[PDB]
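K.L.:
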């Protein structure tokens, strides 16, 4: 009998980590793209939807 | 091992890396890129460790040396054994409570006067390790203010023997005299043997300084001398030249002959160093490398 396909992926026990960096790597704790705002009192908002 | 205690206070409370909060002249020395070894080393640090140093150098922080000035005192008291070493974690836990209780402009400047005379006026502690009047000069000047200066026979050699005994406790930093019980003693070394009973020696030598004894008398002084007096004369022998007690007193039969007995061993030890090194140069039984060696030298 013919067949459509349907698929998912199970990945439990963990988060979804988005790194706030530039190359999205783990270079350090005090990140790459983050540390240009060390002495910037600059109220960034974000509409993460 | 160290000389100064405040350097160890500057080793236990200062940052090892260069910071502009305390050593500005070395932290600004490398921001402007003017250094002999590795000059170009501050541009290539990122915005993390530039602004965390370049802000703090053109306007320094204002820290408190109260916790550091007391370690230059608490160490200076435990170097001289005023406090037990098991105890300095309590007194710094009590001095820091003290000088923060009664703090002022004055006490912060009064500790700073006291972390200087434990540096340059603690040179007395460097002084009487050399002159050793810890227990050798002012503890023996009570002994020379105890002996009677009126000896009937030999008035002149009595005050030249103790003139050579004050030189003994002066040219030796380790030797010291002391008051234990009703009599004074004298040890040639700390952690040392050969304690002479100094009161029971000059009382034996009293009434003895003029004898003019002949040279055919050896085994009489078992009822006349005492072996510690015979050992005190051994300890006065290397610091006694040939002009102290000249030739013909019985101490000239003792002090001159004790220098010859020391004069035997100060060249036969060099002989003994040769014999114990040629037993492994030709091959010799090391058990029988000392039995016949000592019998040739005694």
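Chains as they are written, first to last, in the entry's author numbering: chain B, 829 to 877; chain N, 12 to 309.
Note that beta-carbon positions come from the ideal geometry of N, C-alpha and C, so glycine has one too.
In this structure, does DSSP put residue 848 of chain B in helix, strand or coil?
P.N.:
coil
K.L.:
So, at 7 angstroms on beta carbons, what are the nonlocal neighbours of residue 257 of chain N in its own chain, with the 5 sequence-adjacent residues on each side left out?
P.N.:
263
K.L.:
Residue 187 of chain N: buried (16+ other C-beta within 10 angstroms of its C-beta) or exposed?
P.N.:
buried
K.L.:
With distances taken Cα to Cα, identify the nearest neighbour of residue 236 of chain N among N:71, N:13 and N:220.
P.N.:
Cα-wise, what sits closest to residue 236 of chain N is N:220.
K.L.:
Please say whether residue 35 of chain N and residue 71 of chain N have beta carbons closer to each other than 7 angstroms?
P.N.:
yes
K.L.:
How would you label residue 273 of chain N, buried or exposed, when you count the other beta carbons within 10 angstroms and need 16 or more for buried?
P.N.:
It counts as exposed.
K.L.:
Which residue's Cα is closest to the Cα of residue 225 of chain N: N:265, N:211 and N:119?
P.N.:
N:265
K.L.:
Does any residue of chain B bring its CB to less than 7 angstroms from the CB of residue 8 of chain N?
P.N.:
The question about residue 8 of chain N has no answer, for chain N in this structure spans 12 to 309.
K.L.:
Cβ of residue 111 of chain N less than 7 angstroms from any chain B Cβ?
P.N.:
no
K.L.:
Mind checking which residues open and close the alpha helix (DSSP H) that includes residue 190 of chain N?
P.N.:
No alpha helix (DSSP H) holds residue 190 of chain N; the beta strand (DSSP E) holding it covers 187-191.
K.L.:
Using a Cβ-Cβ cut-off of 8 angstroms (strictly less than) and excluding sequence neighbours within five positions of residue 242 of chain N, which residues of its own chain qualify?
P.N.:
205 and 207
K.L.:
Find the residues of chain B that neighbour residue 62 of chain N, judging by a C-beta separation of less than 8 angstroms, and give them in chain order.
P.N.:
866 and 867
K.L.:
Alpha carbon to alpha carbon, how far is residue 44 of chain N from residue 51 of chain N? Give it in angstroms, no decimals.
P.N.:
6 angstroms
K.L.:
Beta-carbon of residue 38 of chain N versus every beta-carbon of chain B: anything under 7 angstroms?
P.N.:
It does not; no Cβ of chain B falls within 7 angstroms.
K.L.:
Can you tell me the Cα-Cα spacing of residue 114 of chain N and residue 189 of chain N, whole angstroms?
P.N.:
43 angstroms
K.L.:
Determine, using beta carbons only, whether residue 68 of chain N comes closer than 7 angstroms to chain B.
P.N.:
no
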